[PDB]
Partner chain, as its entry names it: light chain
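Here we start with a single chain on its own, the form solved without the partner chain, put down as structure tokens.
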């Protein structure tokens, strides 16, 4: 039922492929799923989408969407995360029609900790 994005806090190490889970419910039989970073200025920046609504080849390819065999569950991965990727994130969906509008999920935190000594 509700548009969800979890865990509410993900803690990872520098160079990890940091993954969150989105979950969505819709009346529309088909839709675009999309992903955002939320700024301290309270704006949002587009990261990735499925089907790919990212438009341009200037999108950072580290941000990955993968569709799960659950049928309505989705893997949002920051492939090779650095300390600068720490911040707030949130998920969304929108129908294929031109009259559509974005349904957003609740927000979560990404936290990237220092690469350990070995």
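Residue numbers count along the first chain shown, from 1.
One more form of this protein should be noted, the form deposited with the partner chain bound, which is absent from this view; the next part is about it.
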Partner proximity in the bound PDB entry: residue 28 to the partner chain, non-hydrogen atom cutoff 4.5 Å: yes
Exercise: residue 66 in contact with the partner chain in the bound PDB entry, heavy atom 4.5 Å: no
Any non-hydrogen atom of residue 62 within 4.5 angstroms of the partner chain in the bound PDB entry: no
